[PDB]
Amino acid sequence: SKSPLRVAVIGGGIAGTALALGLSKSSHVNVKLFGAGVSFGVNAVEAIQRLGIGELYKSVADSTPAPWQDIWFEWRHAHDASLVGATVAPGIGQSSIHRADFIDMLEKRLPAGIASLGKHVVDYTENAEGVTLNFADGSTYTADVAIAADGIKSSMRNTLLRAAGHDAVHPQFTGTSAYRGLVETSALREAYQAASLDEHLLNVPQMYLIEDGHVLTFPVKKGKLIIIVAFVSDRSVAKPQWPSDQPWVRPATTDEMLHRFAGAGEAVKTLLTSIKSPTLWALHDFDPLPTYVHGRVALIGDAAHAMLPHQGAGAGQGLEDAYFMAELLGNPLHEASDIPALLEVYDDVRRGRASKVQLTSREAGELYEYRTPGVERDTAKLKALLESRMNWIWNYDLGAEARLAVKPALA
Ligand SMILES: O=C(O)c1ccccc1O
C-alpha cells in the first residue's frame, strides 16, 4: 500500500454518496466526499444489492401491494382509460423512494472520516501528478483522482469540457413540465365508486396517454396514497425557454392542469381534480456530452447525463456509474499513474449507454404523448414498442461490465 489512492468525490447525491460507499471497503483507497422522489428499475437492483443495501432499501422503498407488485405500468389511452398494454418487471415492478431517505440511508452507513461538508468547489487545476480542488472556502484539496457528482448544474462539468476543448453545456428546458400531487387513496376510491369507475386503476400503476401530455399514477404507503404526475408539453418552438430566473418549481392551480387535459375521460379528470395543491416542475436535461473525462477528472450522474424522467432511469445510471467506478478505482492493481488511462476506459464503457439512455428518455416522452413518428396513437404499435422498449436498459449485466474495469492491454 505505502501511499494509498487519493480520491475525491464532489457532490453528496446518490452517485457521489454511493461511489464513496463503494470505495469505503477498499482500505487501500483514501476517499473523501465533498423531484423530491425517485424510481429504480431492475438494473438498479444489482447495484444496490452490491453496495450492501438490498435488505434495507427493500424495506424502506415503496412497492405496489401484492400480487400487483411486478407491474411497471399499465398503459392506457387518456380519453376513455382503455387498455393499450402493460410492462411487467418481475421482482421490482414500480419501485420508488423519497430521495432524502435514500441518500441518507447511504451516508449513514459510511464509515466516519469521508464526509466533508462545508466545501463546494468553484474550480480545479491539475499537473499530471496532482489534481487540486479550489474550495470557495479559499482552501484546497489535492488528489490522484476527482470524480464530479455535482448534478445537473455541475460546476465541474464545464471546467472539464473547456479544458478538453469542447463548448460548455448547461441545463436546457425540455419544453415539458410536470404537475405533481399526492392524494389519499380512500378519497379517490370514493370518487371512483361515485362515478362507476374501475377501481383497478387505483391499485396498479397507470400511465394515460394523450396528445402532448400524459398522466401517471402509482400507489405508495402500501396503497394508501397515490402519486399523480401530469406531464404537459409544448412542441411549438424548436428550442423552448424557461424564464431567466424563476425557480424550476412553483405552485400551480387545479385548473391550470385540467385545462391541458380537456380531452381526457373522467378517470383522469377525477384524478386531476383530486389534487388540491399541485406543484409544477419544469423538466430540464442536456444533449449528450462529447466526453465525460479529461486528465484526472471524470463526470458521473446527472452532471454527466441528466435526463427526462420518462424511463424512471436517471438514478440507476448514476448507480451503474458509481458501481463501475468503485470497481475501477479500488482495484489494488491500479495506481496514480494509471488514472488518466483508466478514466478514459470508464468513458468507453459507460458514455454510450448513458447517452443513449438520455436520448431514449426523450423518445419515451414523445411516445407517451402520441408523437412518435410511425406510431402516434396507433394502439397496436404503441403496445408493441412500450412492452419491449425498457429491455435493453433493464436486462443489462453489471457483473460483466465490471470485468471491463481494468487497465488496457497493450498486447
Ligand atoms: O416516478 C416517476 O416520476 C416517473 C416518471 C416518468 C416515468 C416513470 C416514472 O416512474
# chains A, B, ... in the order shown; residues from 1 in each chain; ligands from 1
>>> residues_near_ligand(ligand="ligand 1", cutoff="9 Å", atoms="only C-alpha atoms and all ligand atoms", output="mmCIF file with C-alpha atoms, in the first residue's frame")
data_model
loop_
_atom_site.group_PDB
_atom_site.id
_atom_site.type_symbol
_atom_site.label_atom_id
_atom_site.label_comp_id
_atom_site.auth_asym_id
_atom_site.auth_seq_id
_atom_site.Cartn_x
_atom_site.Cartn_y
_atom_site.Cartn_z
ATOM 1 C CA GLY A 35 -38.257 15.631 -7.884
ATOM 2 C CA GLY A 37 -38.848 11.425 -5.014
ATOM 3 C CA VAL A 38 -37.207 8.684 -7.175
ATOM 4 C CA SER A 39 -37.692 5.458 -9.187
ATOM 5 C CA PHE A 40 -35.478 2.432 -9.549
ATOM 6 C CA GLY A 41 -35.636 -0.222 -12.202
ATOM 7 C CA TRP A 72 -44.099 -1.445 -14.038
ATOM 8 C CA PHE A 73 -47.054 0.244 -15.698
ATOM 9 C CA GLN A 94 -42.881 0.036 -9.617
ATOM 10 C CA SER A 95 -40.134 0.708 -7.054
ATOM 11 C CA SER A 96 -39.704 4.220 -5.595
ATOM 12 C CA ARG A 180 -47.396 16.626 -9.336
ATOM 13 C CA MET A 207 -49.969 5.802 -17.493
ATOM 14 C CA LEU A 216 -49.054 8.606 -14.395
ATOM 15 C CA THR A 217 -50.178 7.168 -11.142
ATOM 16 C CA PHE A 218 -48.866 4.682 -8.650
ATOM 17 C CA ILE A 227 -48.701 9.683 -6.611
ATOM 18 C CA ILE A 228 -50.034 11.557 -9.642
ATOM 19 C CA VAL A 229 -47.803 13.260 -12.144
ATOM 20 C CA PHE A 231 -46.985 15.877 -17.821
ATOM 21 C CA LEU A 308 -36.032 13.431 -18.529
ATOM 22 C CA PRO A 309 -37.644 11.003 -16.050
ATOM 23 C CA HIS A 310 -39.743 9.149 -18.569
ATOM 24 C CA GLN A 311 -37.963 5.813 -18.302
ATOM 25 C CA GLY A 312 -37.528 6.037 -14.456
ATOM 26 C CA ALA A 313 -33.841 5.566 -15.214
ATOM 27 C CA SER A 361 -35.887 9.181 -22.297
ATOM 28 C CA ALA A 364 -40.277 7.957 -24.435
ATOM 29 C CA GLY A 365 -41.523 11.427 -23.758
#
>>> residues_around(residues="residue 108 in chain A", least_positions_apart="5", cutoff="12 Å", atoms="only C-alpha atoms", output="ChimeraX atom specification")
/A:17-18,20-21,53,100-103,113-115
>>> closest_residue(among="A:16, A:304, A:292, A:178", to="residue 252 in chain A", atoms="only C-alpha atoms")
A:178
>>> residues_around(residues="residue 163 in chain A", least_positions_apart="6", cutoff="12 Å", atoms="only C-alpha atoms", output="MDAnalysis selection string")
chainID A and resid 123:126 156:157 291:297
>>> write_last_selection(atoms="N, CA, C and O atoms", output="PDB file, in the first residue's frame")
ATOM      1  N   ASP A 123     -13.704  25.395  -8.827  1.00  0.00           N
ATOM      2  CA  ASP A 123     -12.651  25.319  -9.825  1.00  0.00           C
ATOM      3  C   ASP A 123     -11.786  24.177  -9.431  1.00  0.00           C
ATOM      4  O   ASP A 123     -11.806  23.752  -8.271  1.00  0.00           O
ATOM      5  N   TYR A 124     -10.978  23.725 -10.376  1.00  0.00           N
ATOM      6  CA  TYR A 124      -9.914  22.793 -10.084  1.00  0.00           C
ATOM      7  C   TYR A 124      -8.739  23.047 -11.024  1.00  0.00           C
ATOM      8  O   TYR A 124      -8.921  23.620 -12.125  1.00  0.00           O
ATOM      9  N   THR A 125      -7.539  22.616 -10.622  1.00  0.00           N
ATOM     10  CA  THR A 125      -6.381  22.622 -11.562  1.00  0.00           C
ATOM     11  C   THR A 125      -5.546  21.379 -11.403  1.00  0.00           C
ATOM     12  O   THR A 125      -5.643  20.690 -10.379  1.00  0.00           O
ATOM     13  N   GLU A 126      -4.741  21.076 -12.418  1.00  0.00           N
ATOM     14  CA  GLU A 126      -4.019  19.795 -12.416  1.00  0.00           C
ATOM     15  C   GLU A 126      -2.658  19.803 -13.121  1.00  0.00           C
ATOM     16  O   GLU A 126      -2.416  20.572 -14.072  1.00  0.00           O
ATOM     17  N   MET A 156     -18.219  21.568 -12.067  1.00  0.00           N
ATOM     18  CA  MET A 156     -17.115  20.830 -12.627  1.00  0.00           C
ATOM     19  C   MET A 156     -17.299  20.389 -14.063  1.00  0.00           C
ATOM     20  O   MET A 156     -16.371  20.528 -14.846  1.00  0.00           O
ATOM     21  N   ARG A 157     -18.485  19.953 -14.465  1.00  0.00           N
ATOM     22  CA  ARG A 157     -18.666  19.655 -15.886  1.00  0.00           C
ATOM     23  C   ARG A 157     -17.935  20.606 -16.820  1.00  0.00           C
ATOM     24  O   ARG A 157     -17.179  20.166 -17.689  1.00  0.00           O
ATOM     25  N   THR A 291     -17.582  14.013 -24.163  1.00  0.00           N
ATOM     26  CA  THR A 291     -16.737  13.216 -23.303  1.00  0.00           C
ATOM     27  C   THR A 291     -17.163  13.426 -21.880  1.00  0.00           C
ATOM     28  O   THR A 291     -17.758  14.438 -21.572  1.00  0.00           O
ATOM     29  N   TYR A 292     -16.852  12.453 -21.030  1.00  0.00           N
ATOM     30  CA  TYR A 292     -17.046  12.542 -19.585  1.00  0.00           C
ATOM     31  C   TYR A 292     -15.726  12.674 -18.810  1.00  0.00           C
ATOM     32  O   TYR A 292     -15.715  12.655 -17.578  1.00  0.00           O
ATOM     33  N   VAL A 293     -14.604  12.806 -19.493  1.00  0.00           N
ATOM     34  CA  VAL A 293     -13.354  12.770 -18.767  1.00  0.00           C
ATOM     35  C   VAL A 293     -12.281  13.586 -19.414  1.00  0.00           C
ATOM     36  O   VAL A 293     -12.204  13.673 -20.626  1.00  0.00           O
ATOM     37  N   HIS A 294     -11.417  14.126 -18.568  1.00  0.00           N
ATOM     38  CA  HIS A 294     -10.214  14.740 -19.030  1.00  0.00           C
ATOM     39  C   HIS A 294      -9.197  14.743 -17.927  1.00  0.00           C
ATOM     40  O   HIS A 294      -9.494  15.078 -16.772  1.00  0.00           O
ATOM     41  N   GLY A 295      -7.988  14.346 -18.297  1.00  0.00           N
ATOM     42  CA  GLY A 295      -6.906  14.235 -17.341  1.00  0.00           C
ATOM     43  C   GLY A 295      -7.262  13.292 -16.220  1.00  0.00           C
ATOM     44  O   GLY A 295      -7.464  12.096 -16.443  1.00  0.00           O
ATOM     45  N   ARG A 296      -7.366  13.843 -15.022  1.00  0.00           N
ATOM     46  CA  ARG A 296      -7.562  13.040 -13.817  1.00  0.00           C
ATOM     47  C   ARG A 296      -8.975  13.226 -13.259  1.00  0.00           C
ATOM     48  O   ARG A 296      -9.298  12.796 -12.123  1.00  0.00           O
ATOM     49  N   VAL A 297      -9.842  13.831 -14.071  1.00  0.00           N
ATOM     50  CA  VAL A 297     -11.208  14.130 -13.622  1.00  0.00           C
ATOM     51  C   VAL A 297     -12.251  13.484 -14.516  1.00  0.00           C
ATOM     52  O   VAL A 297     -12.127  13.447 -15.769  1.00  0.00           O
TER      53      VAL A 297
END
>>> atom_distance(atom1="CA of residue 195 in chain A", atom2="CA of residue 67 in chain A")
25.9 Å
>>> select_by_dssp(residues="range 178-406 of chain A", states="strand (DSSP E)", output="ChimeraX atom specification")
/A:178-184,206-210,213-220,225-233,249-251,279-285,293-294,297-299
>>> residues_around(residues="range 374-380 of chain A", least_positions_apart="3", cutoff="9 Å", atoms="only C-alpha atoms", output="list in words")
residues 77, 83, 84, 85, 209, 210, 211, 366, 367, 368, 369, 370, 371, 383, 384 and 385 of chain A
